[PDB]
């Protein structure tokens, strides 16, 4: 009750080879206080919420099958947006027009109630910095988003619905996008997306979610600790801040002869995993498979500032393991924040067959720290 564990469920994890396949029946409600159903999308024409996958969400009742878990004491919200749906100006057009916001709020309330959702989690990435491009949006996206949140807050309070938002971890995006005091006041929690600080786009090996500054770092703001303290210094309520932990790694293909170190030049994303089928990232269970069966070498930071990374040939993937996930959850408790967020349920070793540290090892670890679930010690991968 004191700490939230916000779990992102992704509907497209259904369209995955049997061993990676994740359905609403795979959710363990004991491991979440709040489930976010990712994603719904904004209709480009009407600027209202709509299903991104009618066949799954509606025809096969995946919306209702997830909101049905509220009988376990879990709150279930619909996530609107995500990275891919945040392309273009549709959300900016929405928040900069008073008539469109008003029609969005009225429709959103009934859309959510029609499927039994307890609320809405805003995942516009990002106000003003459309898909991280801060030159694209107007400076007024900041107030428009703030005003959309205020108007949703007042409309939701009369219905008992929850309102939250997933937000960037980048200092520069925060400055352009977020009225931090207004958002903290009007949102039930703020999910800091404290990951994807580094990836194939840097063209150098880096860690997906550094905890503290590392000496090889070029920028001392690209770490979880800065993001949290920055939101606090910008005026945020500690108890509203929810620290996101990635259940997946950023993978790279390193230029030949550049070594296996941090900051080694890369020419492409890593080879795709069998289940996630996406160059540039691997699920946690795919990383376990590579360490246990394929002999990938785990490299750790003795200073505890970043999680591990794994290597084989010119492949390189940085990720959070059980030890770093425990630390980030312990960091939330030590800092008295709102809780932890998991992206995403399906990228954890939810079956337990890959990592051999029980079912949902990463999520179990977080629940152990924040909610007192007795658990085994962290699993050592190298073993």
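Positions refer to the first chain, counted from 1.
Peer 1: Would 64-72 or 339-347 have the larger average of its C-alpha temperature factors, as given in the entry?
Peer 2: For C-alpha atoms only, the mean B-factor is higher in 64-72.
Peer 1: Could you settle it for me: does 163-171 or 211-219 have the higher average Cα B factor in the PDB entry?
Peer 2: If you average the C-alpha B-factors of 163-171 and of 211-219, the larger mean comes out for 211-219.
Peer 1: Of the options 137, 302, 273, 307, which has the highest CA B factor as deposited?
Peer 2: Highest C-alpha B-factor among the listed options: 302.
Peer 1: Whose CA atom has the top B-factor in the entry, of 106, 182, 192, 278?
Peer 2: Spelled out: the listed residue with the top C-alpha B-factor is 182.
Peer 1: Going by what the PDB entry lists, where does residue 369 fall on CA B-factor within its chain: lowest, middle or highest third?
Peer 2: It falls in the middle third of the chain.
Peer 1: Comparing residue 198 with the other modelled residues of its chain, is its CA B-factor in the lowest, middle or highest third?
Peer 2: Answer is middle: the recorded C-alpha B-factor places it there.
Peer 1: Name the third of the chain's ranked CA B-factors that contains residue 284, choosing lowest, middle or highest.
Peer 2: According to the entry, residue 284 has a C-alpha B-factor in the chain's middle third.
Peer 1: So where's residue 329 on the chain's Cα temperature factor ranking, which third?
Peer 2: Lowest third.
Peer 1: Residue 97's Cα B-factor: lowest, middle or highest third of the chain?
Peer 2: Middle third.
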